[PDB]
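A.B. asks: First the structure, then my questions, so here it is.
With ideal geometry, Cβ positions are generated from the backbone for all residues, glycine too; neighbour counts draw on all protein chains shown. What follows draws every value from the coordinates through simple rules; no lab data is involved.
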Amino acid sequence: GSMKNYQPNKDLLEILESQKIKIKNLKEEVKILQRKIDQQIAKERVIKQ
């Protein structure tokens, strides 16, 4: 089907973030703007007790 969103799995994410750590930088720059876009839906995407 398609990719679904689930709880904030850090164990599985860390696996991808490990190598992405390099790109994380380039993203951290523009992130300054996306910071507002995240609150649009990204804020809901990540569920927290």
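A.B. asks: Within segment 1-17, take every residue that is of a type outside the set (A, V, I, L, M, F, W, C), free of Cβ contacts under 8 Å to residues at least 12 places away in the same chain and not in a helix (DSSP H, G or I) and give me the one that is farthest from residue 49 (Cα to Cα).
C.D. replies: 1
A.B. asks: A further question follows. Is it fair to say residue 24 is of a type in the set (D, E, K, R) and either surrounded by 10 or more Cβ atoms within 10 Å (Cβ to Cβ) or in contact with a strand residue (DSSP E or B) (Cβ under 8 Å, 6 or more places away or on another chain) (or both)?
C.D. replies: yes
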